[PDB]
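Single chain ahead, written as structure tokens, the form deposited in one PDB entry.
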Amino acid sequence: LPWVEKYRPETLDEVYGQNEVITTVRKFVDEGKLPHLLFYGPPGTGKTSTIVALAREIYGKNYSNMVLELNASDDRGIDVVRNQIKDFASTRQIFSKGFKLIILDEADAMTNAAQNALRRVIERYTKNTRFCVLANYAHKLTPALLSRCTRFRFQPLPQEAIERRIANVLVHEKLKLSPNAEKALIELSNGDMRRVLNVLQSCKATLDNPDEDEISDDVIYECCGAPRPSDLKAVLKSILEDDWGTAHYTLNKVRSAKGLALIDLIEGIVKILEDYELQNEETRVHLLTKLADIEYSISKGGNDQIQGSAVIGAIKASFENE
């Protein structure tokens, strides 16, 4: 069984904070002003727990009759899910008078046409059905769907909470994790507990002895398929200190042998260059502008070797200002 389903926050106690959303939705229900809700944010913040707690509070024993739980990423099809929604809306019960709640997890995975059809369905059944939409990013949804849904943002979990959850998972699964590996995993996941759990499970599976072996940072980076900071630092050092031929050879060799895309290399180098102490602002201005231009040109295609040499030249030229 996946570790994402396990250790999932089952009650509001497991949620670190965000009681404001619960209180606002409770007031909406009490005052009879409940709109179509949209909960978005990183996975693991407690959107599902919050909505199921609200549904249990509203309905109680008839949760299975008044709540329809759907997942838009099931990929069954637009017509089948539309039929499901319509038959759930049409199955009114006299002994269970009241609005019916529909929960759609991972709605951001839908195509634009599916989202427009969902918005039309929401408008059609708004008289007796209330829709709750769960997504990872609100900007991935169509503007038509966004306007009709009241937006609630779930802030990313604090680093201390993520570390506590990681420690709980480690002690539950008897896994030993190096502090460097833990820092790398936290940095790569970027406040997403699902990524943490998936990477930990995969690393445990790949271990020859999942009970008496410690996961290193190299294992984490290999599992995530991410550029190691050591390689990026070596490339940056070669660019900054060595001449043009050596820098070009080093960049090409590193990003071809290790399978690092030029855009990912640019992102890593920009991340590293943030901590650099620059005596001139023009250095940072030139670096940022030129690297953004190169990345945008990369997104449209173009010559790969020319773009790599452009990156090298942009980094070299900016540092001429000290």
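In this text, residue numbers run from 1 along the sequence as written.
What follows is about the form deposited in another entry, which we do not show.
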Is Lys271 on the same rigid part as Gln115, between the shown form and the other one? Assign each C-alpha by whichever superposition fits it better. no
If the C-alpha spacing of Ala109 and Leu200 moves by 3 Å or more in the other entry, is that a move closer or farther apart? farther
With a shift of at least 3 angstroms, figure out whether the C-alpha spacing between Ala53 and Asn168 grows or shrinks in the other entry: closer or farther? closer
